[PDB]
Every structure is written in C-alpha cells, then in structure tokens.
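See below for model-v4.cif, which holds mmCIF, N, CA and C atoms.
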```cif
data_input
loop_
_atom_site.label_atom_id
_atom_site.label_comp_id
_atom_site.auth_asym_id
_atom_site.auth_seq_id
_atom_site.Cartn_x
_atom_site.Cartn_y
_atom_site.Cartn_z
N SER A 1856 -105.53 25.38 -47.66
CA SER A 1856 -105.09 24.75 -48.95
C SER A 1856 -105.45 25.77 -50.02
N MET A 1857 -105.40 25.38 -51.30
CA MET A 1857 -105.78 26.28 -52.42
C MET A 1857 -107.12 26.97 -52.29
N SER A 1858 -107.08 28.34 -52.24
CA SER A 1858 -108.34 29.15 -52.11
C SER A 1858 -109.06 28.93 -50.73
N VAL A 1859 -108.31 28.43 -49.78
CA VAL A 1859 -108.82 28.13 -48.40
C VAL A 1859 -107.81 28.63 -47.39
N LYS A 1860 -108.11 29.80 -46.84
CA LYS A 1860 -107.18 30.47 -45.90
C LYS A 1860 -107.75 30.78 -44.56
N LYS A 1861 -106.99 30.51 -43.50
CA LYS A 1861 -107.29 31.04 -42.16
C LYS A 1861 -107.31 32.55 -42.22
N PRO A 1862 -108.10 33.18 -41.35
CA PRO A 1862 -108.16 34.65 -41.26
C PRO A 1862 -106.74 35.33 -41.11
N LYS A 1863 -106.53 36.47 -41.82
CA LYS A 1863 -105.20 37.14 -41.91
C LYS A 1863 -104.79 37.89 -40.59
N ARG A 1864 -104.01 37.22 -39.72
CA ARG A 1864 -103.21 37.89 -38.64
C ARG A 1864 -102.38 39.12 -39.12
N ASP A 1865 -102.60 40.25 -38.46
CA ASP A 1865 -102.00 41.53 -38.87
C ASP A 1865 -100.54 41.47 -38.43
N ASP A 1866 -99.65 41.44 -39.42
CA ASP A 1866 -98.20 41.33 -39.18
C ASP A 1866 -97.49 42.64 -39.52
N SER A 1867 -98.25 43.71 -39.75
CA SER A 1867 -97.68 44.97 -40.27
C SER A 1867 -96.78 45.76 -39.27
N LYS A 1868 -96.99 45.49 -37.99
CA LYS A 1868 -96.20 46.00 -36.87
C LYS A 1868 -95.08 45.08 -36.35
N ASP A 1869 -94.89 43.95 -36.98
CA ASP A 1869 -93.95 42.94 -36.44
C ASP A 1869 -92.51 43.49 -36.49
N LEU A 1870 -92.14 44.13 -37.61
CA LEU A 1870 -90.79 44.72 -37.77
C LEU A 1870 -90.45 45.72 -36.66
N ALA A 1871 -91.34 46.68 -36.43
CA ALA A 1871 -91.20 47.61 -35.36
C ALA A 1871 -91.18 46.98 -34.01
N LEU A 1872 -92.07 46.04 -33.76
CA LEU A 1872 -92.10 45.39 -32.45
C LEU A 1872 -90.81 44.52 -32.17
N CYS A 1873 -90.35 43.79 -33.18
CA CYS A 1873 -89.08 43.03 -33.02
C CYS A 1873 -87.88 43.99 -32.73
N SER A 1874 -87.88 45.15 -33.42
CA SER A 1874 -86.89 46.22 -33.19
C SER A 1874 -86.90 46.73 -31.74
N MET A 1875 -88.08 46.90 -31.17
CA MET A 1875 -88.20 47.34 -29.83
C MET A 1875 -87.75 46.30 -28.86
N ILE A 1876 -88.15 45.05 -29.07
CA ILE A 1876 -87.63 43.96 -28.24
C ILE A 1876 -86.08 43.92 -28.27
N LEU A 1877 -85.53 44.07 -29.45
CA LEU A 1877 -84.10 43.95 -29.68
C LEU A 1877 -83.41 45.09 -28.95
N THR A 1878 -84.00 46.31 -28.99
CA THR A 1878 -83.50 47.49 -28.25
C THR A 1878 -83.45 47.19 -26.75
N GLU A 1879 -84.47 46.54 -26.22
CA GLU A 1879 -84.55 46.24 -24.83
C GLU A 1879 -83.49 45.18 -24.46
N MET A 1880 -83.26 44.24 -25.37
CA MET A 1880 -82.18 43.26 -25.14
C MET A 1880 -80.78 43.93 -25.20
N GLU A 1881 -80.57 44.79 -26.20
CA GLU A 1881 -79.35 45.56 -26.33
C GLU A 1881 -78.98 46.37 -25.07
N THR A 1882 -79.96 46.91 -24.39
CA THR A 1882 -79.73 47.83 -23.28
C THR A 1882 -79.79 47.12 -21.94
N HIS A 1883 -80.10 45.83 -21.88
CA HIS A 1883 -80.08 45.09 -20.63
C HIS A 1883 -78.62 45.04 -20.11
N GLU A 1884 -78.46 45.13 -18.81
CA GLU A 1884 -77.11 45.17 -18.27
C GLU A 1884 -76.33 43.84 -18.48
N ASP A 1885 -77.01 42.72 -18.63
CA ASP A 1885 -76.39 41.47 -18.91
C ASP A 1885 -76.20 41.14 -20.43
N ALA A 1886 -76.32 42.12 -21.28
CA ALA A 1886 -76.23 41.93 -22.70
C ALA A 1886 -74.78 41.83 -23.19
N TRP A 1887 -73.83 42.28 -22.34
CA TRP A 1887 -72.42 42.46 -22.76
C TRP A 1887 -71.77 41.23 -23.43
N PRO A 1888 -72.09 39.97 -23.04
CA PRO A 1888 -71.48 38.86 -23.80
C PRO A 1888 -71.94 38.68 -25.24
N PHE A 1889 -73.06 39.35 -25.56
CA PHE A 1889 -73.91 39.09 -26.76
C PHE A 1889 -73.95 40.26 -27.70
N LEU A 1890 -73.31 41.38 -27.39
CA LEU A 1890 -73.48 42.61 -28.19
C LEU A 1890 -72.79 42.54 -29.54
N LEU A 1891 -71.65 41.83 -29.57
CA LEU A 1891 -70.81 41.75 -30.76
C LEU A 1891 -70.48 40.32 -31.06
N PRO A 1892 -70.15 40.00 -32.31
CA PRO A 1892 -69.70 38.65 -32.60
C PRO A 1892 -68.47 38.20 -31.77
N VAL A 1893 -68.51 36.95 -31.35
CA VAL A 1893 -67.36 36.33 -30.65
C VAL A 1893 -66.15 36.46 -31.57
N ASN A 1894 -64.99 36.88 -31.02
CA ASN A 1894 -63.79 37.05 -31.88
C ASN A 1894 -63.18 35.64 -32.14
N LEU A 1895 -63.40 35.15 -33.35
CA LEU A 1895 -63.00 33.80 -33.74
C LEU A 1895 -61.52 33.56 -33.86
N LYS A 1896 -60.73 34.64 -33.97
CA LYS A 1896 -59.27 34.57 -33.87
C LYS A 1896 -58.82 34.47 -32.43
N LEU A 1897 -59.53 35.09 -31.50
CA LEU A 1897 -59.08 35.18 -30.13
C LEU A 1897 -59.72 34.25 -29.15
N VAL A 1898 -60.71 33.45 -29.55
CA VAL A 1898 -61.39 32.54 -28.59
C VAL A 1898 -61.22 31.16 -29.14
N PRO A 1899 -60.19 30.48 -28.61
CA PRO A 1899 -59.96 29.10 -28.98
C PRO A 1899 -61.19 28.23 -28.85
N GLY A 1900 -61.41 27.43 -29.85
CA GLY A 1900 -62.46 26.43 -29.82
C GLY A 1900 -63.77 26.92 -30.45
N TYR A 1901 -63.96 28.24 -30.48
CA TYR A 1901 -65.31 28.78 -30.89
C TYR A 1901 -65.69 28.50 -32.30
N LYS A 1902 -64.71 28.74 -33.19
CA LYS A 1902 -64.98 28.61 -34.60
C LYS A 1902 -65.40 27.16 -34.92
N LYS A 1903 -64.66 26.21 -34.37
CA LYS A 1903 -64.97 24.79 -34.69
C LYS A 1903 -66.23 24.26 -34.01
N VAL A 1904 -66.46 24.71 -32.79
CA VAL A 1904 -67.55 24.12 -32.04
C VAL A 1904 -68.90 24.75 -32.39
N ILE A 1905 -68.92 26.06 -32.61
CA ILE A 1905 -70.26 26.78 -32.74
C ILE A 1905 -70.51 26.98 -34.22
N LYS A 1906 -71.34 26.13 -34.76
CA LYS A 1906 -71.45 26.06 -36.21
C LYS A 1906 -72.12 27.31 -36.79
N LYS A 1907 -72.96 27.98 -36.00
CA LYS A 1907 -73.65 29.13 -36.47
C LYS A 1907 -73.61 30.24 -35.43
N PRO A 1908 -72.55 31.03 -35.42
CA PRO A 1908 -72.43 32.13 -34.44
C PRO A 1908 -73.52 33.15 -34.69
N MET A 1909 -74.04 33.71 -33.60
CA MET A 1909 -75.05 34.80 -33.72
C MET A 1909 -74.87 35.74 -32.52
N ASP A 1910 -75.14 37.03 -32.72
CA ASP A 1910 -75.03 38.03 -31.70
C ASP A 1910 -76.06 39.13 -31.99
N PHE A 1911 -76.28 40.04 -31.03
CA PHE A 1911 -77.28 41.09 -31.20
C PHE A 1911 -76.97 42.00 -32.35
N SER A 1912 -75.70 42.38 -32.56
CA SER A 1912 -75.35 43.34 -33.63
C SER A 1912 -75.62 42.79 -35.02
N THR A 1913 -75.42 41.48 -35.23
CA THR A 1913 -75.72 40.73 -36.41
C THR A 1913 -77.23 40.61 -36.60
N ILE A 1914 -77.96 40.40 -35.53
CA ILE A 1914 -79.44 40.35 -35.63
C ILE A 1914 -79.90 41.73 -36.03
N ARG A 1915 -79.34 42.75 -35.39
CA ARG A 1915 -79.77 44.12 -35.68
C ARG A 1915 -79.53 44.48 -37.19
N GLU A 1916 -78.39 44.12 -37.74
CA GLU A 1916 -78.12 44.38 -39.15
C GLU A 1916 -79.08 43.56 -40.07
N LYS A 1917 -79.28 42.28 -39.74
CA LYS A 1917 -80.20 41.47 -40.49
C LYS A 1917 -81.64 42.09 -40.44
N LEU A 1918 -82.04 42.58 -39.28
CA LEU A 1918 -83.36 43.18 -39.10
C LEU A 1918 -83.53 44.44 -39.95
N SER A 1919 -82.56 45.34 -39.83
CA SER A 1919 -82.52 46.57 -40.53
C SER A 1919 -82.44 46.45 -42.04
N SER A 1920 -82.10 45.30 -42.57
CA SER A 1920 -81.83 45.14 -44.00
C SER A 1920 -82.76 44.14 -44.65
N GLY A 1921 -83.86 43.78 -43.93
CA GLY A 1921 -84.87 42.88 -44.49
C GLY A 1921 -84.45 41.52 -44.73
N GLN A 1922 -83.55 41.02 -43.88
CA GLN A 1922 -83.15 39.63 -43.97
C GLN A 1922 -83.96 38.63 -43.09
N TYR A 1923 -84.91 39.12 -42.30
CA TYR A 1923 -85.90 38.23 -41.66
C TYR A 1923 -87.23 38.20 -42.44
N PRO A 1924 -87.55 37.05 -43.00
CA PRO A 1924 -88.81 36.94 -43.72
C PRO A 1924 -90.01 37.03 -42.81
N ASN A 1925 -89.90 36.66 -41.53
CA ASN A 1925 -91.04 36.77 -40.66
C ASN A 1925 -90.55 36.80 -39.18
N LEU A 1926 -91.47 37.03 -38.25
CA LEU A 1926 -91.04 37.18 -36.84
C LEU A 1926 -90.46 35.84 -36.27
N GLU A 1927 -90.82 34.67 -36.79
CA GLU A 1927 -90.28 33.42 -36.29
C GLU A 1927 -88.80 33.23 -36.64
N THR A 1928 -88.39 33.69 -37.81
CA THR A 1928 -87.00 33.62 -38.15
C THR A 1928 -86.22 34.54 -37.25
N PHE A 1929 -86.78 35.69 -36.85
CA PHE A 1929 -86.13 36.57 -35.91
C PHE A 1929 -85.92 35.90 -34.55
N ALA A 1930 -86.98 35.28 -34.02
CA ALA A 1930 -86.91 34.54 -32.70
C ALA A 1930 -85.88 33.39 -32.76
N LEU A 1931 -85.76 32.71 -33.89
CA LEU A 1931 -84.81 31.62 -34.06
C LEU A 1931 -83.34 32.15 -33.87
N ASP A 1932 -83.02 33.30 -34.47
CA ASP A 1932 -81.66 33.88 -34.29
C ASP A 1932 -81.45 34.38 -32.87
N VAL A 1933 -82.46 34.99 -32.22
CA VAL A 1933 -82.29 35.36 -30.84
C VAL A 1933 -82.00 34.11 -29.98
N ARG A 1934 -82.82 33.06 -30.16
CA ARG A 1934 -82.66 31.78 -29.39
C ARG A 1934 -81.27 31.18 -29.68
N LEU A 1935 -80.80 31.24 -30.93
CA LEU A 1935 -79.51 30.77 -31.32
C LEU A 1935 -78.41 31.40 -30.49
N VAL A 1936 -78.53 32.69 -30.21
CA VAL A 1936 -77.58 33.39 -29.38
C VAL A 1936 -77.46 32.69 -28.00
N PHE A 1937 -78.59 32.34 -27.44
CA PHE A 1937 -78.57 31.71 -26.12
C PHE A 1937 -78.20 30.25 -26.07
N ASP A 1938 -78.59 29.52 -27.10
CA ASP A 1938 -78.18 28.15 -27.34
C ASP A 1938 -76.72 28.04 -27.56
N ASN A 1939 -76.15 28.94 -28.35
CA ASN A 1939 -74.68 28.99 -28.48
C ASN A 1939 -74.00 29.22 -27.15
N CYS A 1940 -74.53 30.17 -26.39
CA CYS A 1940 -73.94 30.52 -25.11
C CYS A 1940 -73.91 29.28 -24.17
N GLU A 1941 -75.01 28.56 -24.12
CA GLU A 1941 -75.11 27.36 -23.28
C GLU A 1941 -74.18 26.23 -23.76
N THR A 1942 -74.02 26.12 -25.07
CA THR A 1942 -73.07 25.17 -25.63
C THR A 1942 -71.61 25.44 -25.18
N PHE A 1943 -71.22 26.69 -25.06
CA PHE A 1943 -69.85 27.04 -24.82
C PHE A 1943 -69.48 27.47 -23.41
N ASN A 1944 -70.46 27.74 -22.54
CA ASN A 1944 -70.15 28.36 -21.26
C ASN A 1944 -70.80 27.50 -20.17
N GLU A 1945 -70.08 27.34 -19.08
CA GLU A 1945 -70.64 26.67 -17.93
C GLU A 1945 -71.81 27.51 -17.38
N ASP A 1946 -72.86 26.81 -16.93
CA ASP A 1946 -73.99 27.48 -16.21
C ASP A 1946 -73.53 28.38 -15.04
N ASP A 1947 -72.53 27.92 -14.30
CA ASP A 1947 -72.00 28.65 -13.18
C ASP A 1947 -70.76 29.49 -13.63
N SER A 1948 -71.00 30.45 -14.51
CA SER A 1948 -70.01 31.45 -14.95
C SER A 1948 -70.79 32.72 -15.11
N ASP A 1949 -70.13 33.85 -15.19
CA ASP A 1949 -70.85 35.08 -15.40
C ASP A 1949 -71.57 35.04 -16.75
N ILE A 1950 -70.88 34.59 -17.78
CA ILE A 1950 -71.48 34.55 -19.12
C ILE A 1950 -72.62 33.55 -19.19
N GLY A 1951 -72.44 32.40 -18.54
CA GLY A 1951 -73.45 31.32 -18.52
C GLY A 1951 -74.76 31.86 -17.87
N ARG A 1952 -74.63 32.56 -16.75
CA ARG A 1952 -75.75 33.12 -16.04
C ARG A 1952 -76.40 34.26 -16.85
N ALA A 1953 -75.56 35.05 -17.51
CA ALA A 1953 -76.04 36.13 -18.38
C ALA A 1953 -76.94 35.53 -19.44
N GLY A 1954 -76.50 34.43 -20.03
CA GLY A 1954 -77.31 33.78 -21.07
C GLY A 1954 -78.66 33.32 -20.63
N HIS A 1955 -78.69 32.70 -19.46
CA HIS A 1955 -79.99 32.27 -18.93
C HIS A 1955 -80.87 33.40 -18.63
N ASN A 1956 -80.33 34.50 -18.03
CA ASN A 1956 -81.12 35.67 -17.71
C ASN A 1956 -81.73 36.30 -18.96
N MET A 1957 -80.87 36.49 -19.98
CA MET A 1957 -81.31 37.12 -21.22
C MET A 1957 -82.37 36.29 -21.95
N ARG A 1958 -82.24 34.99 -21.94
CA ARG A 1958 -83.22 34.14 -22.59
C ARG A 1958 -84.58 34.32 -21.90
N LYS A 1959 -84.55 34.25 -20.56
CA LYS A 1959 -85.78 34.53 -19.80
C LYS A 1959 -86.41 35.86 -20.12
N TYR A 1960 -85.61 36.94 -20.14
CA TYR A 1960 -86.06 38.22 -20.46
C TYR A 1960 -86.68 38.31 -21.84
N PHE A 1961 -86.02 37.67 -22.82
CA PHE A 1961 -86.49 37.67 -24.20
C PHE A 1961 -87.89 36.92 -24.30
N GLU A 1962 -87.99 35.74 -23.67
CA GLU A 1962 -89.13 34.90 -23.82
C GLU A 1962 -90.37 35.56 -23.26
N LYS A 1963 -90.21 36.33 -22.18
CA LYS A 1963 -91.34 37.03 -21.64
C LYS A 1963 -91.78 38.16 -22.55
N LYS A 1964 -90.83 38.95 -23.07
CA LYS A 1964 -91.17 40.02 -23.99
C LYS A 1964 -91.86 39.47 -25.22
N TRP A 1965 -91.46 38.28 -25.65
CA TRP A 1965 -91.94 37.67 -26.86
C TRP A 1965 -93.44 37.25 -26.67
N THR A 1966 -93.71 36.52 -25.61
CA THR A 1966 -95.04 36.16 -25.16
C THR A 1966 -95.95 37.35 -24.95
N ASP A 1967 -95.49 38.36 -24.21
CA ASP A 1967 -96.33 39.51 -23.94
C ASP A 1967 -96.60 40.33 -25.18
N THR A 1968 -95.66 40.38 -26.14
CA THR A 1968 -95.86 41.19 -27.32
C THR A 1968 -96.72 40.48 -28.38
N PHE A 1969 -96.61 39.16 -28.49
CA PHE A 1969 -97.10 38.42 -29.64
C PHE A 1969 -98.10 37.27 -29.30
N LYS A 1970 -98.07 36.66 -28.10
CA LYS A 1970 -99.01 35.57 -27.71
C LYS A 1970 -100.16 36.04 -26.79
#
```

What does the file become when written as structure tokens?
Amino acid sequence: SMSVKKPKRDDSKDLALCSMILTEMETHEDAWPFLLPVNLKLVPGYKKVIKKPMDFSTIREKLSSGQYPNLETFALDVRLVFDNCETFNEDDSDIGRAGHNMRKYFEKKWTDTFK
C-alpha cells in the first residue's frame, strides 16, 4: 500500500530474456502457422471468429517498439496465439498439433527463465 512495498524483483533483463524466448519460438520447426498474421482476406471465417488475431511477427514488432509494459503482457500475447489456434483448428490437424507443441515449448521456457 502507500509507502509499503514488497522487495524490488529485478526486471532489467526481462526485455532481453523475452526476446530470446521469442527467437527460440521463431526458429522452432513447428512455428510456421504462427510466423505471420493470418491472411484475413484469404481465410474464410477468421476475421469474424477470432476477435484478437496475434502472431509472432506482431509480438516481435510490439516487443521491439516498447509496446509491452511488462513480461506478463508479453506472455498474454504469446498465449493468445495458441488460444486462437485452438479456437480455429481441430486438435487432429497439422496446425492444431503445432499449436499444442508450441504452447508446451513456450511454457517450459517461461517457467525455466522466470519461475
């Protein structure tokens, strides 16, 4: 509360560390469904159904330009990518499986880097 603070967690490396995680996600072989924004002209149903599209290239631009106020807002956009994928793709599809794999990969990197 006022003039009463928990000890200051060092967040000075968070930008660099999120960048490295994002690099590792970018270079994963199952990243291909997620590298660029879904083409909203060419994928029927996407625009109406997925209220907040997100992809790695959009996260990367947001990261590079100081649009994440903290590491939790960064994790929320990464998770959004996978939540969107699950909303639109069957579990038993290449893209559906890619999404589950990438989410797993991300969550472990996140835990090991920050928890």

Taking the file above as input, evaluate the PyMOL selection byres ((chain A and resi 1863-1877) around 8) and report the hits as number ranges by chain.
-> A: 1860-1862, 1878-1883, 1911, 1914-1915, 1918-1919, 1925-1926, 1929, 1961, 1964-1965, 1968

Would you output that residue set with N, CA and C atoms, as a PDB file, in the coordinates of the input?
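The resulting part_17.pdb:
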```pdb
ATOM      1  N   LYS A1860    -108.110  29.800 -46.840  1.00  0.00           N
ATOM      2  CA  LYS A1860    -107.180  30.470 -45.900  1.00  0.00           C
ATOM      3  C   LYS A1860    -107.750  30.780 -44.560  1.00  0.00           C
ATOM      4  N   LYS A1861    -106.990  30.510 -43.500  1.00  0.00           N
ATOM      5  CA  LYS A1861    -107.290  31.040 -42.160  1.00  0.00           C
ATOM      6  C   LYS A1861    -107.310  32.550 -42.220  1.00  0.00           C
ATOM      7  N   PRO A1862    -108.100  33.180 -41.350  1.00  0.00           N
ATOM      8  CA  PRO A1862    -108.160  34.650 -41.260  1.00  0.00           C
ATOM      9  C   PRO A1862    -106.740  35.330 -41.110  1.00  0.00           C
ATOM     10  N   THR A1878     -84.000  46.310 -28.990  1.00  0.00           N
ATOM     11  CA  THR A1878     -83.500  47.490 -28.250  1.00  0.00           C
ATOM     12  C   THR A1878     -83.450  47.190 -26.750  1.00  0.00           C
ATOM     13  N   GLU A1879     -84.470  46.540 -26.220  1.00  0.00           N
ATOM     14  CA  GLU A1879     -84.550  46.240 -24.830  1.00  0.00           C
ATOM     15  C   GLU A1879     -83.490  45.180 -24.460  1.00  0.00           C
ATOM     16  N   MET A1880     -83.260  44.240 -25.370  1.00  0.00           N
ATOM     17  CA  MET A1880     -82.180  43.260 -25.140  1.00  0.00           C
ATOM     18  C   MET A1880     -80.780  43.930 -25.200  1.00  0.00           C
ATOM     19  N   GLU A1881     -80.570  44.790 -26.200  1.00  0.00           N
ATOM     20  CA  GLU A1881     -79.350  45.560 -26.330  1.00  0.00           C
ATOM     21  C   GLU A1881     -78.980  46.370 -25.070  1.00  0.00           C
ATOM     22  N   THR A1882     -79.960  46.910 -24.390  1.00  0.00           N
ATOM     23  CA  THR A1882     -79.730  47.830 -23.280  1.00  0.00           C
ATOM     24  C   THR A1882     -79.790  47.120 -21.940  1.00  0.00           C
ATOM     25  N   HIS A1883     -80.100  45.830 -21.880  1.00  0.00           N
ATOM     26  CA  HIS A1883     -80.080  45.090 -20.630  1.00  0.00           C
ATOM     27  C   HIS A1883     -78.620  45.040 -20.110  1.00  0.00           C
ATOM     28  N   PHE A1911     -76.280  40.040 -31.030  1.00  0.00           N
ATOM     29  CA  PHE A1911     -77.280  41.090 -31.200  1.00  0.00           C
ATOM     30  C   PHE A1911     -76.970  42.000 -32.350  1.00  0.00           C
ATOM     31  N   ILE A1914     -77.960  40.400 -35.530  1.00  0.00           N
ATOM     32  CA  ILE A1914     -79.440  40.350 -35.630  1.00  0.00           C
ATOM     33  C   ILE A1914     -79.900  41.730 -36.030  1.00  0.00           C
ATOM     34  N   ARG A1915     -79.340  42.750 -35.390  1.00  0.00           N
ATOM     35  CA  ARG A1915     -79.770  44.120 -35.680  1.00  0.00           C
ATOM     36  C   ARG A1915     -79.530  44.480 -37.190  1.00  0.00           C
ATOM     37  N   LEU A1918     -82.040  42.580 -39.280  1.00  0.00           N
ATOM     38  CA  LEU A1918     -83.360  43.180 -39.100  1.00  0.00           C
ATOM     39  C   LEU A1918     -83.530  44.440 -39.950  1.00  0.00           C
ATOM     40  N   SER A1919     -82.560  45.340 -39.830  1.00  0.00           N
ATOM     41  CA  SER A1919     -82.520  46.570 -40.530  1.00  0.00           C
ATOM     42  C   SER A1919     -82.440  46.450 -42.040  1.00  0.00           C
ATOM     43  N   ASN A1925     -89.900  36.660 -41.530  1.00  0.00           N
ATOM     44  CA  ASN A1925     -91.040  36.770 -40.660  1.00  0.00           C
ATOM     45  C   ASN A1925     -90.550  36.800 -39.180  1.00  0.00           C
ATOM     46  N   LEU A1926     -91.470  37.030 -38.250  1.00  0.00           N
ATOM     47  CA  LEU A1926     -91.040  37.180 -36.840  1.00  0.00           C
ATOM     48  C   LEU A1926     -90.460  35.840 -36.270  1.00  0.00           C
ATOM     49  N   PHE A1929     -86.780  35.690 -36.850  1.00  0.00           N
ATOM     50  CA  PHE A1929     -86.130  36.570 -35.910  1.00  0.00           C
ATOM     51  C   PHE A1929     -85.920  35.900 -34.550  1.00  0.00           C
ATOM     52  N   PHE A1961     -86.020  37.670 -22.820  1.00  0.00           N
ATOM     53  CA  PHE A1961     -86.490  37.670 -24.200  1.00  0.00           C
ATOM     54  C   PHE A1961     -87.890  36.920 -24.300  1.00  0.00           C
ATOM     55  N   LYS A1964     -90.830  38.950 -23.070  1.00  0.00           N
ATOM     56  CA  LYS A1964     -91.170  40.020 -23.990  1.00  0.00           C
ATOM     57  C   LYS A1964     -91.860  39.470 -25.220  1.00  0.00           C
ATOM     58  N   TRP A1965     -91.460  38.280 -25.650  1.00  0.00           N
ATOM     59  CA  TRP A1965     -91.940  37.670 -26.860  1.00  0.00           C
ATOM     60  C   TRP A1965     -93.440  37.250 -26.670  1.00  0.00           C
ATOM     61  N   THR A1968     -95.660  40.380 -26.140  1.00  0.00           N
ATOM     62  CA  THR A1968     -95.860  41.190 -27.320  1.00  0.00           C
ATOM     63  C   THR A1968     -96.720  40.480 -28.380  1.00  0.00           C
TER      64      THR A1968
END
```

List every residue of stretch 1867-1928 of chain A that DSSP, applied to the backbone of this structure, places in alpha helix (DSSP H), and write the result as a PyMOL selection string.
-> chain A and resi 1869-1882+1901-1904+1911-1919+1926-1928

Between atom CA of residue A:1905 and atom CA of residue A:1963 - distance in Å to one decimal |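 Between atom CA of residue A:1963 and atom CA of residue A:1905 the gap is 25.9 Å.
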
Convert the output of the PyMOL selection byres ((chain A and resi 1943-1955) around 8) on the shown file into explicit residues, formatted as JSON, numbers by chain.
-> {"A": [1884, 1885, 1886, 1887, 1888, 1901, 1904, 1905, 1936, 1937, 1938, 1939, 1940, 1941, 1942, 1956, 1957, 1958, 1959, 1960, 1961]}

Please evaluate the PyMOL selection byres ((chain A and resi 1912) around 7) against the displayed coordinates and give the resulting residues as JSON, numbers by chain.
-> {"A": [1889, 1890, 1891, 1892, 1909, 1910, 1911, 1913, 1914, 1915, 1916, 1917]}

Extract, using only C-alpha atoms, all DNA, RNA and protein residues at most 10 Å from residue A:1962, discarding same-chain residues fewer than 6 positions from it, and format them as a ChimeraX atom specification.
-> /A:1930,1933-1934,1968

At what distance in Å, to one decimal, does atom N of residue A:1928 lie from atom CA of residue A:1969?
->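 Taking atom CA of residue A:1969 and atom N of residue A:1928, their separation equals 12.8 Å.
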
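Atom CA of residue A:1920 to atom CA of residue A:1966 spans 24.7 Å [interatomic distance, one decimal].
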
Let me have the centre and edge lengths of the axis-aligned box enclosing all listed atoms of stretch 1870-1879 of chain A with 8 Å padding on every side, in Å to one decimal, as JSON.
```
{"center_x": -87.8, "center_y": 45.3, "center_z": -31.1, "size_x": 24.7, "size_y": 20.6, "size_z": 29.3}
```

Just save stretch 1882-1896 of chain A with C-alpha atoms, as a PDB file, in the first residue's frame.
```pdb
ATOM      1  CA  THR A1882      13.102 -20.807 -35.080  1.00  0.00           C
ATOM      2  CA  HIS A1883      11.141 -23.868 -33.881  1.00  0.00           C
ATOM      3  CA  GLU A1884      10.253 -26.091 -36.826  1.00  0.00           C
ATOM      4  CA  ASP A1885       6.549 -26.023 -35.862  1.00  0.00           C
ATOM      5  CA  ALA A1886       6.400 -22.209 -35.828  1.00  0.00           C
ATOM      6  CA  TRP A1887       5.225 -21.940 -39.483  1.00  0.00           C
ATOM      7  CA  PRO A1888       1.471 -21.457 -38.723  1.00  0.00           C
ATOM      8  CA  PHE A1889       2.332 -18.581 -36.331  1.00  0.00           C
ATOM      9  CA  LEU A1890       5.114 -16.594 -38.052  1.00  0.00           C
ATOM     10  CA  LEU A1891       2.857 -14.104 -39.850  1.00  0.00           C
ATOM     11  CA  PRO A1892      -0.627 -12.751 -39.378  1.00  0.00           C
ATOM     12  CA  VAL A1893      -3.447 -14.967 -40.712  1.00  0.00           C
ATOM     13  CA  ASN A1894      -4.498 -13.521 -44.116  1.00  0.00           C
ATOM     14  CA  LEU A1895      -7.983 -12.179 -43.279  1.00  0.00           C
ATOM     15  CA  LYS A1896      -8.917 -11.807 -46.961  1.00  0.00           C
TER      16      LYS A1896
END
```
